[PDB]
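This is what each chain is made of:
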Amino acid sequence: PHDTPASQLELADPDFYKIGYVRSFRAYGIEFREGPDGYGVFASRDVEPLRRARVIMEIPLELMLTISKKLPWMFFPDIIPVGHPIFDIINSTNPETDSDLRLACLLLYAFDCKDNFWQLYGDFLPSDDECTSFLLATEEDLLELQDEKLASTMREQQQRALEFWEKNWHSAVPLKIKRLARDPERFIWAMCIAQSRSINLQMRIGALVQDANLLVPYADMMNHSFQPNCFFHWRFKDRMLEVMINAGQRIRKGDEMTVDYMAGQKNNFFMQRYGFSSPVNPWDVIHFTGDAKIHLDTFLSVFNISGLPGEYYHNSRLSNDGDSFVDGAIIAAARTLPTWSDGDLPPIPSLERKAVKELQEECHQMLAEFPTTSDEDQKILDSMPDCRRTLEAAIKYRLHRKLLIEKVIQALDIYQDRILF
Amino acid sequence: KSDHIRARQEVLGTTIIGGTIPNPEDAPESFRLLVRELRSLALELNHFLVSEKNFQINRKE
Amino acid sequence: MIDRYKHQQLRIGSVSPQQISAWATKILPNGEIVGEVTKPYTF
Amino acid sequence: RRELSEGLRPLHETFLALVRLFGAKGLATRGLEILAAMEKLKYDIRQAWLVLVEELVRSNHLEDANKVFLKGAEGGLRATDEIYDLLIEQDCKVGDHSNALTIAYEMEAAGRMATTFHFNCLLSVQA
Amino acid sequence: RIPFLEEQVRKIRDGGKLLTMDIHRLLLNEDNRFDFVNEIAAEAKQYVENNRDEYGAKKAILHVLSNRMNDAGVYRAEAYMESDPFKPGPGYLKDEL
């Protein structure tokens with residue numbers, strides 16, 4: 001058969017869609033498939049380059065769970081009754097930093113309220129075993145990462161979650177409150193789901209325009225990319241969220257529909273919120289305290305990176321000969337390496353050669369400080385296929401950091417050869 | 001449709017050819033008559049448009 | 001937003017004797033003025 | 001001319017310096033001409049266009065600068081925030097309301113919306 | 001599936017009710033109706049200026065609207081124009097009482 005990204009994966013139960021379809025959820029030109037990773041959204045038809053955007057999914061407001069960002073707290077689907085004990089817990093949270101906690105509490109209530117889509121949908125959400133969030137990680141996994149700072153942050157976060165459970169789920173609490181989170185692991189699952197699956201958007205319901213934090217069903221099955229096919233839009237009149245294909249992009253059958261979770265952020269943040277890391281994060285930083293600087297403009301020219309500093313892209317028409325070396329990481333490189341660009345005077349070739357070596361020296365030092373080499377790491381990963389999901393994540397963070405340092409060495413060298421035609 | 005002599009005679013043509021009808025700028029006769037009648041009782045009415053871009057004042061006829 | 005701006009005005013005023021003249025005066029190729037009608041004749 | 005004849009497609013930086021120089025000297029048309037070629041050889045012209053416009057203002061040839069921007073805008077080329085601001089301020093100080101409003105309207109259509117700074121400048125010519 | 005809805009569906013398409021449904025979808029994406037009327041009018045003018053002789057039994061406003069729907073995934077005929085499969089012959093007119 002045809003090779004497509006979707007082919008490898010298997011179709012999900014008919015019931016994922018049905019539960020939604022009876023309520024007014026509609027999907028157009030899309031499927032849904034499952035695999036070891038979890039659910040993902042794929043295409044089932046070909047769309048030619050288009051003049052304006054096309055809707056792939058429409059999700060109504062009632063299915064969702066939502067809280068406002070600012071102080072008067074307004075919950076739009078409005079599940080919570082007036083006078084219920086849960087509001088006191090939600091009200092006593094710092095307005096600025098903790099929204100994760102507020103969202104967790106709401107989700108737990110939803111599981112206890114009858115005829116709420118969530119009672120049915122939660123069955124499809126990730127379990128304690130299958131979620132990659134690091135809130136659910138042991139001392140050992142935290143150790144494997146090999147980073148002191150990421151590790152520390154995670155522990156402070158794990159403690160913040162426990163403290164809340166102890167303070168509010170004490171002995172005297174009314175049973176309505178107790179049933180919602182009897183054990184402390186349940187609170188943690190909820191915070192894990194809130195952090196990993198939350199979306200922030202501005203919504204207009206009626207005449208009120210507010211900014212909110214929301215948990216939305218069926219749109220959480222999209223995956224991250226830094227070169228994204230689709231986006232999220234609020235249609236006010238029918239009170240719905242629309243997921244839409246970007247204008248001008250050809251999409252072929254079997255392809256993966258993707259969205260971008262946060263923009264401009266490094267791999268450390270992705271791990272704290274989502275437990276995912278990318279080999280190519282265009283925005284990652286490798287730090288050199290070394291004095292030397294290569295000239296900027298030339299860097300761009302050899303590797304055909306065009307654009308303003310904020311937005312760098314590889315022009316591929318200029319690169320008639322099919323190239324592949326230039327990717328997210330070479331772009332990442334441009335931003336990080338210290339550079340000198342002055343006036344229009346051209347760089348002296350010998351003068352720069354000194355710089356390349358001194359810079360590479362720092363890279364060798366960096367790679368060495370770590371306990372294991374890149375090839376060693378692959379081996380550990382390959383050794384055990386079934387393992388705690390958090391552990392595979394930690395090892396993969398390491399492989400990725402190292403691999404970017406290595407790519408830079410390879411790249412700085414190619415500069416040398418091409419400076420002199 | 002009513003009382004703009006120049007404009008009226010054009011629309012019959014655009015339609016037979018198949019073209020588009022432009023939006024009129026001059027005044028209808030009805031307005032022109034009022035001015036003439038007033039100028040008969042010794043009063044003057046003028047219409048001016050002031051350009052936003054350069055501030056010039058132009059007197060429409 | 002910056003509004004699209006249109007300014008139009010209408011001005012009404014009483015007129016001087018010199019104006020009423022200019023409303024109705026022309027000078028011919030002979031160089032002779034025309035415009036005042038003296039006789040009451042119609043057709 | 002020689003390199004072109006040799007057949008090599010020129011490196012991007014070279015074209016750029018040319019624009020910078022041509023710009024100082026008010027050679028607007030000639031500078032514009034270089035840009036067209038840059039396009040034919042498959043290059044992104046946004047970075048360069050900004051350079052020509054910027055310099056012309058420092059070199060005291062505003063009338064052409066405005067003309068270069070407007071042509072560019074029609075094409076769809078987007079602009080930096082700093083450039084928009086320079087042109088609106090400078091024009092208002094000399095006295096040109098016409099050019100200024102056309103530029104403000106274009107900032108808006110592209111996406112950036114006005115702030116009190118832009119209005120205050122416009123009002124100076126208006127009062 | 002309700003068992004006997006065939007005629008009603010033939011009629012909705014034939015009658016021109018499809019157009020009415022479409023106008024409504026499209027206005028669910030817009031805050032000001034007045035602006036949308038102005039946008040559609042402009043597109044129609046561009047179309048007639050560029051190819052004048054196509055139009056006359058095919059209307060430009062209809063073409064702009066069908067083109068919008070087809071771009072978004074619903075198959076509509078061009079200019080919502082449908083032939084009469086069963087007309088007796090040339091110079092024959094249906095009596096739509």
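Residues numbered from 1 in each chain as written, not as in the entry; some residues may be left out. Chains lettered and ligands numbered in written order. Part of a larger assembly, values for the part shown. Heavy atoms only, no water. Residues with missing side-chain atoms left out of burial classes, pairs and counts.

The deposited coordinates, according to the entry record, derive from cryo-EM at 2.7 Å resolution.

### Details of the pattern of salt bridges
Where we set the bar: For this analysis, a salt bridge means a side-chain nitrogen from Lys or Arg found within 4 Å of a carboxyl oxygen belonging to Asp or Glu. Under the scheme used here, helices are H or I runs from DSSP no shorter than 4 residues and strands are E runs no shorter than 2 residues, and both carry numbers assigned from the N terminus. Under the scheme applied here, a residue whose accessible area is under 20% of the maximum for its type counts as buried, over 50% as exposed, and between as partly exposed, the area being computed with a 1.4 Å probe on protein chains only.
Using the criterion set out here, one finds 25 salt bridges over all chains in the structure. Here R235 of chain A ties to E58 of chain A by a salt bridge, and the two come within 2.9 Å at their closest N and O atoms. Remark: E58 of chain A occurs in strand 4 (residues 54–60) and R235 of chain A occurs in strand 9 (residues 230–235); sequence separation between them is 177 residues. With respect to class, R235 of chain A is no different from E58 of chain A; both count as buried. One salt bridge connects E61 of chain B with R32 of chain B, and the closest N-O pair in it is separated by 3.3 Å. Here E61 of chain B, found in the segment after strand 2 (57–60), pairs with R32 of chain B, found in helix 2 (residues 29–40); they are 29 residues apart in sequence, far enough to count as distant. Judged by relative accessible area, which is 24%, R32 of chain B ranks as partly exposed. Ionic contacts of the salt-bridge type, sharing partners, join the residues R51 of chain A together with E39, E43 and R68 of chain E into one network.

### What about the UniProt feature "domain: SET" (unreviewed entry) in chain A?
The test is simple: UniProt positions are given in the numbering used here, feature names are shortened, and annotations may be inferred rather than shown by experiment.
Here the UniProt-annotated "domain: SET" (unreviewed entry) positions come out as residues 17–262 of chain A. With 31% helix and 19% strand, residues 17–262 of chain A has its two end C-alpha atoms placed 27 Å apart.

### Overview of the interface of chain D and chain C
Worth spelling out the cut-off: It only takes one pair of heavy atoms within 4.5 Å for two residues to be counted as in contact. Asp, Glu, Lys and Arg are counted as charged, while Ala, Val, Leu, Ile, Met, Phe, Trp, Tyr, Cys and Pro are counted as nonpolar; the rest, among them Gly, fall into the polar class.
On the chain C side, the residues contacting the six residues of chain D number five residues. Per-element tally for the side of chain D that touches chain C: the top contributor is helix 7 (residues 97–110) of chain D, with four residues. Broken down by class, the residue content of the side of chain D that touches chain C amounts to five nonpolar, no polar and one charged.

### Describing the sheet that holds strand 2 (residues 26–27) of chain A
Residue and element names in this part refer to chain A. Operational definition: In short, DSSP must find at least two bridges between two strands for them to pair.
Overall, antiparallel pairing links the four strands, which are arranged 2-4-10-9 in an open sheet. Taken across any chain shown, the strands that pair with only one partner, and hence form the sheet edges, are strand 2 and strand 9. The pairing of strand 2 with strand 4 spans two bridges and is antiparallel. Note that in strand 4 the partner of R26 across the bridge is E58.

### With respect to the arrangement of the chains
Sorting the six pairs of chains in contact by contact count puts chains B and C at the top. Across all C-alpha pairs, the smallest distance from chain C to chain E is 14 Å, and the two are not in contact.

### Examining the sheet that holds strand 1 (residues 43–50) of chain B
Rules: In this analysis an axis means a line fitted to C-alpha atoms, helices contributing only their contacting stretch, and an angle means the value between N-to-C directions, from 0 to 180 degrees.
Ordered in space as 2(B)-1(B)-1(C), the three strands form an open sheet in which the pairing is antiparallel. One side of each edge strand has no neighbouring strand; the edge strands of this open sheet are strand 2 of chain B together with strand 1 (7–14) of chain C. Pairs of neighbouring strands in the sheet enclose a mean axial angle of 35 degrees, with direction left out of account. Of the pairings in the sheet, the one linking strand 1 of chain B to strand 2 of chain B comprises four bridges and is antiparallel in character. Its bridge partner lying in strand 2 of chain B, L49 of chain B is registered against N58 of chain B.

### Details of the packing of helix 2 (residues 17–26) of chain E against helix 4 (residues 60–71) of chain E
All names here are of chain E. Defined as follows: Roughly parallel means an angle under 35 degrees; roughly antiparallel means over 145; roughly perpendicular covers 65 to 115; every other angle is labelled oblique. Should the near helix be turned counterclockwise from the far one by less than a right angle, the crossing is left-handed, whereas a clockwise turn marks it as right-handed.
Packing of helix 2 against helix 4 leaves a shortest axis separation of 11 Å and a crossing angle of 65 degrees. Taken together, helix 2 and helix 4 sit at an angle that is classed as roughly perpendicular. Here helix 2 and helix 4 pass one another in a crossing that is left-handed. Judged by residue contacts, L19, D22 and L26 of helix 2 engage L62, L65 and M69 from helix 4.

### Digging into the interface of chain C and chain B
Listed per partner, the contact involves eleven residues of chain C and twelve residues of chain B. When residues of the side of chain C that touches chain B are assigned to their parent elements, the largest contribution, eight residues, is made by strand 1 of chain C. A class-by-class count of the residues in the side of chain C that touches chain B yields five nonpolar, five polar and one charged. In this structure, strand 1 of chain B lies alongside strand 1 of chain C, joined through eight bridges in antiparallel fashion. Bridge pairing links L45 of chain B to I12 of chain C in strand 1 of chain C.

### Observations concerning the environment of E311 of chain A
All names here are of chain A. Turning to its location among the elements, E311 is positioned in the loop between strand 13 (305–307) and strand 14 (312–314). The spatial distance from the C-alpha of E311 to the C-alpha of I331 is 9.6 Å, given a sequence separation of 20 residues. Leave out the neighbours within four places in its chain, and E311 touches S306 and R335.

### Re the side chain of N46 of chain B
The test is simple: N or O atoms within 3.5 Å of each other form a polar contact, as long as, within protein, one can give a hydrogen and the other can take it, and as long as residues adjacent in sequence are counted only when both atoms are side-chain atoms.
Examined against the element boundaries, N46 of chain B turns out to sit in strand 1. Of the residues examined, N46 of chain B reaches a relative accessible area of 11% and is grouped as buried. At a separation of 3.0 Å, a polar atom in the side chain of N46 of chain B contacts the side chain of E44 of chain B. The contact partners of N46 of chain B, leaving out residues within four places of it in the chain, are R59 of chain B together with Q9, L10 and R11 of chain C.

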